[PDB]
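Below you will find one chain, with nothing else, as C-alpha cells; this is the form solved without (3E)-2,6-dioxo-6-phenylhex-3-enoate, and questions on how it binds or moves follow later.
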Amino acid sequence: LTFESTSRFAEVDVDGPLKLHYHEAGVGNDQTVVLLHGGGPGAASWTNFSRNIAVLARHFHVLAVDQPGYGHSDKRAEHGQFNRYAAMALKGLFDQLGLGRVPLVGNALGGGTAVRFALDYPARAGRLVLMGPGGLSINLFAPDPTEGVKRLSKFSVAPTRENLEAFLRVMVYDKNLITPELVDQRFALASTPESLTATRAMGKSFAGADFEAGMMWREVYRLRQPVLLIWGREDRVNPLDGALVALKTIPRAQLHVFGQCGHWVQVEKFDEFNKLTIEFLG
C-alpha cells in the first residue's frame, strides 16, 4: 500500500469531462466504503486518511476519493455550491464503477459532500460516518465565521507559509502535531497555481444563488440510514455545538465525542476512530 499502488483515475461527467483521482485498496473485500477527505487547501485523500486507509482496507474495499479541487482531481476555475458539485462528481464515479448503495466516510468538507450526496441520491448512500462535518453542522453558539474558518480565509487572501501554519495549528488539540515538515509539505501543495485557482473558485462559489444547498441542517431529518456523527470536543473549525441539529433530527443518529481532540479526529484519535468506523460499518 503506497500512494502509487492504490492510485486510480476516472473521468466523469459534470457539465463535461471531470477527472477524479482516487485510491483503491482492500480489493477482494466484500463491502465497499467511500472516504471523502477534509478541507484545507493542500489536503488530499492520501494525507487526510494516512492513519486510516491501511487499517480500514483490512476489512473493507476502500475508495478514497480526491474531491474536485483537491489532490490530483481536476481543479476547475469555477463551480456551483461545492458539496453539490462534488456530489455530482461522486455520482458519476458510482455509476462508472457500478457501485449500488455504499456507506460514506466523510470529514469536514467531505462530510458535507457525503451528506449532500446522501440527500441528492438517497438510494446510493448507505450508513454515514461523519467527522466534524461541514454543511449539516450549524454552530448554535459559536459566532461565524469560526476561528478555523477565519484562518483558512486569511490564507486564501494571503497564501503565506505563516498563514498556513496558523491555520493548521487550529486543526488539532495537540499542536505538537504541527511540525515544520508538515507545514512545508502542505504549503508546497497549497501554493501551486492550480490550488490557488481552486481556492479562488471555492471563494466565488459561496456567493452563489444556490447557497441553500449548503444549509444541510435543514434537510437531514430526511436521512433514513444510521449516521454516526464523530466530533473532537476541541474542534475549532466546526465546533461541537454544530452537532446538535443533526443529532436531534436524523432519526437513526449517533454521536461520539472525543475529549482532547481537535478538528482532525481521524488523525488525533486514529485508533479509536478506526475501531468505531469498522464496528459501525459491520
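Numbers for residues come from their place in the sequence shown, where the first is 1.
K.L.:
Mean CA temperature factor from the deposited coordinates, higher in 175 to 183 or in 104 to 112?
P.N.:
Higher mean C-alpha B-factor: 175 to 183.
K.L.:
As stated in the PDB record, which stretch has the larger average Cα B-factor, 38 to 46 or 232 to 240?
P.N.:
For C-alpha atoms only, the mean B-factor is higher in 38 to 46.
K.L.:
Say you rank 73, 205, 83, 146 by Cα B-factor from the PDB entry; which sits at the top?
P.N.:
Within the set 73, 205, 83, 146, 205 shows the top C-alpha B-factor.
K.L.:
For the CA B factor values reported in this entry, which option in 216, 55, 223, 27 has the top one?
P.N.:
In this record, 27 carries the highest C-alpha B-factor of the candidates.
K.L.:
Report the third (lowest, middle or highest) to which the CA temperature factor of residue 61 belongs, ranking only the modelled residues of the same chain.
P.N.:
Middle third of the chain for residue 61's C-alpha B-factor.
K.L.:
Among the chain's modelled residues, which third holds the C-alpha B-factor of residue 9?
P.N.:
Its C-alpha B-factor belongs to the highest third of this chain's values.
K.L.:
Quick check for you: using the entry's CA B-factors within this chain, is residue 252 in the lowest, middle or highest third?
P.N.:
It falls in the middle third of the chain.
K.L.:
Lowest, middle or highest third: which one holds residue 169 when the chain's residues are ordered by CA B-factor from the entry?
P.N.:
Middle third - that is where residue 169 ends up once the chain's C-alpha B-factors are sorted.
K.L.:
Name the third of the chain's ranked CA B-factors that contains residue 198, choosing lowest, middle or highest.
P.N.:
For residue 198, whose C-alpha B-factor we compare with every modelled residue in the chain, the answer is the highest third.
One more form of this protein, deposited with (3E)-2,6-dioxo-6-phenylhex-3-enoate bound, exists but is not displayed; see below.
K.L.:
For the chain shown here without its partner, which stretch in 249 to 257, 40 to 48, 217 to 225, 57 to 65 has non-hydrogen atoms within 4.5 angstroms of (3E)-2,6-dioxo-6-phenylhex-3-enoate in the deposited complex?
P.N.:
Of the stretches listed, the one contacting the partner is 40 to 48.
K.L.:
Just give me the single entry in 138, 183, 149, 142 that has a non-hydrogen atom within 4.5 angstroms of (3E)-2,6-dioxo-6-phenylhex-3-enoate in the deposited complex.
P.N.:
By the 4.5 Å heavy-atom cutoff, the listed residue in contact is 149.
K.L.:
What is the one choice in 171, 190, 125, 86 with a heavy atom within 4.5 Å of (3E)-2,6-dioxo-6-phenylhex-3-enoate in the deposited complex?
P.N.:
None of the others qualify; the residue that does is 171.
K.L.:
Should residue 117 be classed as touching (3E)-2,6-dioxo-6-phenylhex-3-enoate in the deposited complex when contacts are defined as heavy atoms within 4.5 Å?
P.N.:
No, residue 117 stays farther than 4.5 Å from (3E)-2,6-dioxo-6-phenylhex-3-enoate in the deposited complex.
K.L.:
Does (3E)-2,6-dioxo-6-phenylhex-3-enoate come within 4.5 Å of any heavy atom of residue 104 in the deposited complex?
P.N.:
No.
K.L.:
In the deposited complex, is there a heavy atom of (3E)-2,6-dioxo-6-phenylhex-3-enoate that lies within 4.5 Å of any heavy atom of residue 166, even though the partner is absent here?
P.N.:
Output for residue 166 is no: heavy atoms all beyond 4.5 Å of (3E)-2,6-dioxo-6-phenylhex-3-enoate.
K.L.:
State yes or no: in the deposited complex, is some non-hydrogen atom of residue 34 no more than 4.5 angstroms from a non-hydrogen atom of (3E)-2,6-dioxo-6-phenylhex-3-enoate?
P.N.:
Residue 34: no contact with (3E)-2,6-dioxo-6-phenylhex-3-enoate in the deposited complex.
K.L.:
Honest question, do 18, 79 and 213 all end up within 4.5 Å of (3E)-2,6-dioxo-6-phenylhex-3-enoate in the deposited complex by heavy atom distance?
P.N.:
Looking in the deposited complex, the three residues 18, 79 and 213 all stay beyond 4.5 Å of (3E)-2,6-dioxo-6-phenylhex-3-enoate (heavy atoms).
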